[PDB]
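Comments concern the structure below.
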Amino acid sequence: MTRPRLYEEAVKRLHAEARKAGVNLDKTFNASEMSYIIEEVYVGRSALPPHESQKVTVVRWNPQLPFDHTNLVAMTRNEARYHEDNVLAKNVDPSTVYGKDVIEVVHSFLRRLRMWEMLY
Numbered sequence: 450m451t452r453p454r455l456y457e458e459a460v461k462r463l464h465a466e467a468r469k470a471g472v473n474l475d476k477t478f479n480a481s482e483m484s485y486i487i488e489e490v491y492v493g494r495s496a497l498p499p500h501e502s503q504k505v506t507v508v509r510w511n512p513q514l515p516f517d518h519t520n521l522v523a524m525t526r527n528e529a530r531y532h533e534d535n536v537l538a539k540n541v542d543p544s545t546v547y548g549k550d551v552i553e554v555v556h557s558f559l560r561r562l563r564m565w566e567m568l569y
């Protein structure tokens, strides 16, 4: 939990995404959870190749699935703004925006996130 500016911004981003989507979350996001997602699940880097490590935030991955605590991907703020504009705002499957190689790498992280959820 060494990058508190990122965890604070990620909470604000996810709550802003929920507000825009008209989504009333089962449970709110918090800084400790963002620390866990960014630093532990996504090993302190963007899920998107080439896994840039600076200005990491968290986004809702798939807008066609529930906005829950397993539908979350770490990426740079610049990658997040592209994701919000081209995936979330258009309510499209991420595989229409990202190539098969990128989807496979992200899916490996989402598998980790769902499998770890029990132990969290």
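Residue numbers (this note's numbering): 450 to 569.
Note that the Cβ used here is the ideal one computed from N, Cα and C, for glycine as well.
Asked	Found
For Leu521, the first and last residue of its enclosing beta strand (DSSP E)	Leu521 to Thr525
The region 455–469 contacting the region 548–567, beta-carbon criterion three pairs below 8 angstroms	no
Local conformation of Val541 per DSSP, three classes	coil
Stretch pair the region 485–498 + the region 469–477: three plus CB contacts closer than 8 angstroms	no
Counted within 10 angstroms of its Cβ, other Cβ atoms place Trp510 as buried (16 or more) or exposed	buried
Buried or exposed (CB count within 10 angstroms, at least 16 for buried), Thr545	exposed
Whole-angstrom distance between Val460 and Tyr531, CA atom to CA atom	18 angstroms
Local Cβ density within 10 Å of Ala538, reported as buried at 16 or more and exposed below that	exposed
Chain-order list of residues whose beta-carbon lies under 7 angstroms from that of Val536 (same chain, five-residue window excluded)	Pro512, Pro543 and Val546
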